[PDB]
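These notes concern the structure reproduced below.
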There are 2 protein chains.
Amino acid sequence: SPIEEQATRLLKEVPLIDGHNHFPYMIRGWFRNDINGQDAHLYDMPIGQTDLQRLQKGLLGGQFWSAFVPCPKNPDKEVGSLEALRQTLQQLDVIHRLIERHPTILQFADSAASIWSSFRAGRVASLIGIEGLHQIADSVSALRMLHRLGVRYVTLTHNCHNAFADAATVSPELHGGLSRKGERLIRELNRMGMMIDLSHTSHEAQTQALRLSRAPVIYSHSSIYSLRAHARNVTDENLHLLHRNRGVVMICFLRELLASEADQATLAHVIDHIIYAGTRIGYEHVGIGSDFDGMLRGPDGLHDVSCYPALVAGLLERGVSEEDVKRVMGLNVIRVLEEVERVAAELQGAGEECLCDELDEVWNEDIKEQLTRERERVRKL
Amino acid sequence: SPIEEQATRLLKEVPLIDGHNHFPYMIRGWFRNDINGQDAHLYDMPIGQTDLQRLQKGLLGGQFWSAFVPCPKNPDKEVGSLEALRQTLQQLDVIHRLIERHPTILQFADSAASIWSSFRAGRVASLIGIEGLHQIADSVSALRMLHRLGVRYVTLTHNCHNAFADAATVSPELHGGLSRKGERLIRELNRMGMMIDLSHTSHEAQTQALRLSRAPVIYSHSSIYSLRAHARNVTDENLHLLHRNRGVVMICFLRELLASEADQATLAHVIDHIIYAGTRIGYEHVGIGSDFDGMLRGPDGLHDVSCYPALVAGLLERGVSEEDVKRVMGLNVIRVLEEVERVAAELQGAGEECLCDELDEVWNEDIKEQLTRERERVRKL
Ligand SMILES: [Fe+3]
Ligand SMILES: [Fe+3]
């Protein structure tokens with residue numbers, strides 16, 4: 001088929017970069033992160049929408065792999081938040097090991113340049129996102145260390161409220177958008193070069209973040225509110241503010257975000273959502289954010305990671321230009337990451353002060369006086 | 001003075017690499033890790049044995065900066081261990097920020113090659129060690145992520161017993177050397193290329209680790225038991241096993257490890273300890289491991305980081321050859337790190353399986369059956 005040949009050509013010319021996929025959590029669920037001697041299963045998985053053979057088959061160019069851990073269920077909230085941090089390091093560890101053990105398929109990327117080098121080498125550019133500020137145990141130091149471990153976006157919330165911002169699905173609303181700490185965290189995220197992800201956050205929190213951020217943001221996996229009313233989809237107001245922000249909405253394959261009856265959700269509906277956003281805020285602000293493995297069953301025609309060529313072909317069939325399809329596939333999210341990094345370099349070059357954690361005093365006045373007296377003794381020598 | 005000129009020449013030819021220094025903890029104590037606008041104080045500290053001016057003055061070539069956090073004092077042991085992990089990330093964060101904010105003085109290093117490149121550029125090669133397995137919250141995944149953050153040695157204990165090995169200062173002995181988990185951890189440390197540090201561990205734990213390790217180890221800061229009997233100093237038995245191991249004992253400036261009366265401790269005693277080890281196991285197995293800022297007051301002549309030229313001169317005055325002084329200064333610890341990395345490359349090249357954490361089951365049988373049924377539905381398409 002000529003349109004299928006066109007789609008295959010595009011997938012080899014530009015990387016299709018998907019915004020969100022939970023294969024790392026499936027590995028935690030199925031293998032408990034022990035992948036030693038499990039290559040046969042990692043290539044042909046007995047569960048889920050992602051494995052290494054189907055990943056190749058769908059011609060995906062890059063992937064933000066989610067280092068998701070669930071909300072803390074512990075009644076002692078200090079313990080649950082700290083437990084979430086340990087589990088986050090477990091998920092980052094298995095992502096890095098998955099990449100390192102399959103270097104002919106996966107190559108770690110943390111920048112626009114590293115995405116392209118991976119794609120030139122025929123590798124799936126493998127980036128990392130965390131899904132909620134519950135994962136950092138209320139530590140901006142931990143967050144910066146997660147950045148050093150390769151995390152390049154932070155979803156401000158999952159379906160858990162936190163000290164910084166409001167999730168969408170939970171009511172009553174805690175902060176009513178962003179907290180004062182949330183506002184201050186946006187400055188730090190921009191300064192360090194961490195991409196802000198507004199998926200799973202409340203409509204008001206999105207509006208505030210879109211007005212405050214000095215760098216373009218993403219929705220790693222959400223769809224269009226005007227086509228399907230859901231707390232997780234992006235309103236017309238926030239689509240406009242996303243345009244002004246220069247950000248990208250990465251359209252989600254979750255059936256419940258595409259249709260009122262989930263079993264009616266299709267590939268056509270995903271294309272409807274992409275075209276709606278593209279028409280109204282331009283095709284330079286729309287992406288693809290499957291959320292594969294964040295669901296049991298995908299839409300008709302988008303059942304797993306092998307189905308991306310059908311999406312590319314579907315967009316071309318509906319009249320979306322070759323150049324605009326390339327933008328939706330991955331050039332837009334590359335641009336956002338590039339601009340996020342440029343903003344960070346500009347702020348770090350200007351010597352902007354970093355956000356520090358509030359720490360306990362470890363020394364009393366007696367220890368400090370002993371130390372200052374000792375220093376003066378040394379000065380006299 | 002001709003011997004002082006000789007010492008200055010050596011310090012410019014080869015990096016003096018010190019094994020252990022607690023300046024990061026002093027920054028936590030004094031500034032609570034907020035170093036914004038504190039350069040005047042970081043160069044001229046009102047407390048402690050380390051600052052950036054005196055660091056330059058003593059001509060130090062490199063430093064393993066300790067990311068120490070204290071033993072968990074919380075009666076709930078789960079919480080304390082998790083709290084220690086968060087605090088470890090805080091200390092790694094401030095070390096990286098200290099290096100990044102002063103790039104004319106400090107340059108991050110994690111290898112023999114990066115040590116030399118830092119030294120060629122006139123920078124203090126800045127490496128990182130953690131001081132106890134209490135810092136990893138019983139997570140080998142966390143440990144591997146600490147390695148990715150730049151940690152290149154792990155002291156198996158501080159003055160706290162842990163699930164892996166026995167500290168020296170505490171009695172009664174918990175495991176009686178290494179536990180079964182401790183033995184297994186040695187294999188993983190060798191596989192990942194993490195240098196084993198035997199300072200602060202029990203005599204029996206040292207003997208067992210020295211027999212088991214497939215890579216050379218260090219004592220980052222300990223002295224000689226035969227000259228001063230202390231639980232923290234290295235016995236003749238373990239010095240011999242260190243020789244067989246190809247490791248390095250980095251001699252410590254702690255007054256209590258050098259003399260029975262601490263106020264009698266001197267630069268001469270440190271030199272006595274270096275010469276004892278050098279004479280008996282060869283000068284290729286001895287280093288310098290100050291533990292500056294792990295004490296209030298240093299030995300006479302070794303009061304702070306500005307005093308390293310006096311040590312180099314002192315060794316030359318006592319008849320230690322120019323080549324052997326260069327070995328003690330830093331070539332030995334460079335060799336150990338190089339061999340640790342080579343052993344890791346050999347084991348990783350052979351495809352040796354990594355140690356995995358024991359995780360809880362997140363899915364029940366019902367969820368797994370739903371997943372397998374869904375996979376089969378997809379196979380039929
Ligand atoms: Fe999600
Ligand atoms: Fe110590």
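In the structure tokens, the first chain shown is A, the next is B, and so on; residue numbers restart at 1 for each chain, and ligands run from 1 in the order shown.
Using only C-alpha atoms and all ligand atoms, we find that the residues with an atom at most 9 Å from any atom of ligand 1 are residues 20, 21, 22, 66, 68, 131, 155, 158, 159, 199, 200, 220, 221, 291 and 294 of chain A.
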### Task
Please identify all polymer residues within 10 Å of residue 70 in chain B, counting only C-alpha atoms, omitting same-chain residues fewer than 3 positions from it, and present them as a PyMOL selection string.
chain B and resi 25+73+84+87-88+131-132+134-135+158-160
### Message
Quick check: residues of chain B within 6 Å of chain A, only C-alpha atoms, returned as a VMD selection string.
### Response
chain B and resid 29 47 82 89 to 90 93 141 to 142 362 371 to 372 375
### Query
Between CA of residue 206 in chain B and CA of residue 167 in chain B, what is the spacing in Å?
10.0 Å
### Query
Leaving out residue 327 in chain B and any residue of its chain fewer than 3 positions from it, which residues lie within 9 Å of it when counting only C-alpha atoms, given as a list in words?
residues 14, 283, 284, 285, 286, 287, 322, 323, 324, 330, 331, 332 and 333 of chain B
### Message
Show me, as a count of residues only, the residues that have an atom within 12 Å of range 117-121 of chain B when counting only C-alpha atoms, minus same-chain residues fewer than 6 positions from it.
### Response
24
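Residues of range 232-325 of chain B assigned to strand (DSSP E or B) by DSSP on this structure's backbone: residues 234, 248, 249, 250, 251, 266, 286, 287, 288, 292 and 300 of chain B.
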#### Entry: Contacts of residue 184 in chain A within 12 Å, only C-alpha atoms, excl. fewer than 2 positions in-chain, as a ChimeraX atom specification
/A:140,163-165,178-182,186-191,209,212-213,353-357
Using C-alpha atoms, can you write the selected residues to a file as a compact mmCIF listing (two decimals), in the first residue's frame?
# COMPACT_ATOMS: atom_id res chain seq x y z
CA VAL A 140 14.49 18.75 46.29
CA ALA A 163 2.78 19.03 49.14
CA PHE A 164 3.36 20.78 45.76
CA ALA A 165 0.23 20.33 43.57
CA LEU A 178 -0.47 24.79 43.17
CA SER A 179 0.73 25.34 46.73
CA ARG A 180 3.30 28.03 47.59
CA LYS A 181 5.91 25.22 47.59
CA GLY A 182 4.56 24.12 44.18
CA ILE A 186 8.42 25.26 39.19
CA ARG A 187 11.33 27.75 39.38
CA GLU A 188 13.69 24.95 40.48
CA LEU A 189 12.44 22.52 37.79
CA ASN A 190 13.07 25.22 35.16
CA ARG A 191 16.51 25.99 36.66
CA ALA A 209 1.78 26.06 35.99
CA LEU A 212 4.30 30.42 35.81
CA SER A 213 6.73 28.16 33.90
CA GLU A 353 20.16 30.20 43.26
CA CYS A 354 18.95 26.60 43.69
CA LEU A 355 16.10 25.56 45.96
CA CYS A 356 17.44 23.90 49.13
CA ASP A 357 15.74 21.48 51.54
### Task
Go through A:161, A:54, A:318, A:230 one by one, measure the shortest atom-to-atom distance of each to residue 271 in chain A using only C-alpha atoms, and give the residue with the smallest value.
A:318
### Query
Between A:311, A:240, A:341, A:336, which has the minimum distance to residue 216 in chain A (counting only C-alpha atoms)?
A:336
I'd like to know which residues of range 124-190 of chain B are alpha helix (DSSP H) (by DSSP, run on the backbone); could you write them as a short mmCIF file (atom, residue, chain, number, x, y, z; two decimals) with N, CA, C and O atoms, in the first residue's frame?
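File written: selection30.cif
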data_model
loop_
_atom_site.label_atom_id
_atom_site.label_comp_id
_atom_site.auth_asym_id
_atom_site.auth_seq_id
_atom_site.Cartn_x
_atom_site.Cartn_y
_atom_site.Cartn_z
N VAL B 140 20.03 -3.03 47.19
CA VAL B 140 21.13 -3.16 46.22
C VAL B 140 20.84 -2.30 44.98
O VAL B 140 21.78 -1.80 44.34
N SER B 141 19.57 -2.12 44.64
CA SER B 141 19.15 -1.18 43.59
C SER B 141 19.58 0.26 43.92
O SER B 141 20.13 0.95 43.06
N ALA B 142 19.32 0.69 45.15
CA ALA B 142 19.76 2.01 45.62
C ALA B 142 21.28 2.15 45.52
O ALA B 142 21.78 3.17 45.05
N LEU B 143 22.00 1.11 45.96
CA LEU B 143 23.47 1.07 45.87
C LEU B 143 23.99 1.27 44.44
O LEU B 143 24.94 2.03 44.22
N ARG B 144 23.37 0.59 43.47
CA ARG B 144 23.73 0.77 42.05
C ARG B 144 23.42 2.19 41.56
O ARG B 144 24.18 2.75 40.77
N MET B 145 22.33 2.77 42.04
CA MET B 145 22.01 4.16 41.71
C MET B 145 22.98 5.15 42.36
O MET B 145 23.33 6.15 41.74
N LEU B 146 23.45 4.85 43.57
CA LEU B 146 24.52 5.65 44.20
C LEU B 146 25.81 5.58 43.38
O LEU B 146 26.51 6.59 43.24
N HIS B 147 26.12 4.41 42.82
CA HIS B 147 27.24 4.26 41.89
C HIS B 147 27.08 5.17 40.66
O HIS B 147 28.04 5.82 40.24
N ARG B 148 25.86 5.23 40.12
CA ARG B 148 25.56 6.08 38.97
C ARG B 148 25.64 7.57 39.32
O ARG B 148 25.92 8.41 38.46
N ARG B 180 25.86 -13.81 55.53
CA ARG B 180 25.69 -14.48 54.23
C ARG B 180 25.32 -13.45 53.15
O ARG B 180 25.79 -13.55 52.01
N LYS B 181 24.50 -12.46 53.51
CA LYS B 181 24.21 -11.31 52.63
C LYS B 181 25.47 -10.48 52.34
O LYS B 181 25.66 -10.02 51.21
N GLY B 182 26.31 -10.28 53.36
CA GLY B 182 27.60 -9.60 53.20
C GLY B 182 28.52 -10.23 52.18
O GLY B 182 29.10 -9.54 51.35
N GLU B 183 28.63 -11.56 52.24
CA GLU B 183 29.41 -12.34 51.27
C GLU B 183 28.88 -12.13 49.86
O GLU B 183 29.65 -11.88 48.93
N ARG B 184 27.57 -12.24 49.70
CA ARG B 184 26.92 -12.05 48.40
C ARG B 184 27.08 -10.61 47.90
O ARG B 184 27.24 -10.39 46.70
N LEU B 185 27.05 -9.64 48.81
CA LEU B 185 27.24 -8.23 48.44
C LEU B 185 28.65 -7.96 47.89
O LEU B 185 28.79 -7.15 46.97
N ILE B 186 29.67 -8.62 48.43
CA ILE B 186 31.04 -8.49 47.92
C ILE B 186 31.12 -8.83 46.43
O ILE B 186 31.76 -8.11 45.66
N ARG B 187 30.46 -9.92 46.03
CA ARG B 187 30.36 -10.29 44.61
C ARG B 187 29.74 -9.19 43.75
O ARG B 187 30.24 -8.88 42.68
N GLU B 188 28.65 -8.59 44.25
CA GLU B 188 27.97 -7.50 43.55
C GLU B 188 28.81 -6.22 43.48
O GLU B 188 28.83 -5.55 42.45
N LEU B 189 29.47 -5.87 44.59
CA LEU B 189 30.39 -4.72 44.61
C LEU B 189 31.52 -4.88 43.59
O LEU B 189 31.85 -3.94 42.87
N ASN B 190 32.10 -6.08 43.52
CA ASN B 190 33.12 -6.38 42.51
C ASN B 190 32.55 -6.31 41.09
O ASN B 190 33.19 -5.77 40.20
#
#### Entry: Contact residues around residue 275 in chain A with only C-alpha atoms at 12 Å, ignoring same-chain residues under 4 positions, as an NGL selection string
:A and (223-224 or 227 or 249 or 251 or 268-271 or 279-288 or 314-321 or 324-325 or 328)
Export of the given selection (C-alpha atoms) as a short mmCIF file (atom, residue, chain, number, x, y, z; two decimals), in the first residue's frame:
data_model
loop_
_atom_site.label_atom_id
_atom_site.label_comp_id
_atom_site.auth_asym_id
_atom_site.auth_seq_id
_atom_site.Cartn_x
_atom_site.Cartn_y
_atom_site.Cartn_z
CA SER A 223 -6.33 13.86 25.57
CA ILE A 224 -8.90 16.54 24.64
CA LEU A 227 -14.16 15.73 22.60
CA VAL A 249 0.05 17.80 24.50
CA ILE A 251 -2.38 12.42 23.07
CA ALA A 268 -9.89 6.88 14.72
CA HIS A 269 -10.72 8.60 18.04
CA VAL A 270 -7.00 9.08 18.82
CA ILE A 271 -6.63 10.67 15.37
CA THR A 279 -6.22 22.45 14.08
CA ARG A 280 -6.73 24.71 17.10
CA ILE A 281 -3.23 25.24 18.56
CA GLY A 282 -1.07 24.09 15.61
CA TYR A 283 0.59 20.75 14.83
CA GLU A 284 3.84 21.93 16.47
CA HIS A 285 2.12 21.55 19.92
CA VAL A 286 0.75 17.98 19.65
CA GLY A 287 2.47 14.65 20.34
CA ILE A 288 1.81 10.97 21.08
CA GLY A 314 -4.11 7.05 9.74
CA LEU A 315 -2.92 10.65 10.21
CA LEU A 316 -1.72 10.80 6.57
CA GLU A 317 -5.04 9.34 5.32
CA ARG A 318 -6.96 12.09 7.17
CA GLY A 319 -5.03 14.84 5.32
CA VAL A 320 -2.37 15.79 7.91
CA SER A 321 0.72 16.95 6.00
CA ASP A 324 3.04 17.95 10.48
CA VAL A 325 2.97 14.16 11.00
CA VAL A 328 3.46 14.96 15.97
#
### Task
Using only C-alpha atoms and all ligand atoms, find the one residue out of B:129, B:278, B:122, B:75 that sits nearest to ligand 2.
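So, comparing all the options, the nearest one is B:129.
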### Message
Under the rule that only C-alpha atoms and all ligand atoms are counted, which of B:52, B:241, B:265, B:69 is the nearest residue to ligand 2?
### Response
B:69
#### Entry: Shell around residue 1 in chain B at 12 Å using only C-alpha atoms, local window under 3 positions removed, as a PyMOL selection string
chain B and resi 4-8+310+313+317
### Task
Could you tell me how far CA of residue 214 in chain A lies from CA of residue 38 in chain B, in Å and to one decimal?
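Between these atoms lies a distance of 26.7 Å.
Across the model, the gap from CA of residue 334 in chain B to CA of residue 116 in chain B is 9.1 Å.
Of the residues under consideration (B:192, B:175, B:207, B:113), B:192 shows the shortest atom-to-atom contact distance to residue 349 in chain B when counting only C-alpha atoms.
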#### Entry: Residue with smallest distance to residue 379 in chain B - pool A:293, A:272, A:306, A:124, counting only C-alpha atoms
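For residue 379 in chain B, the nearest of the candidates is A:306.
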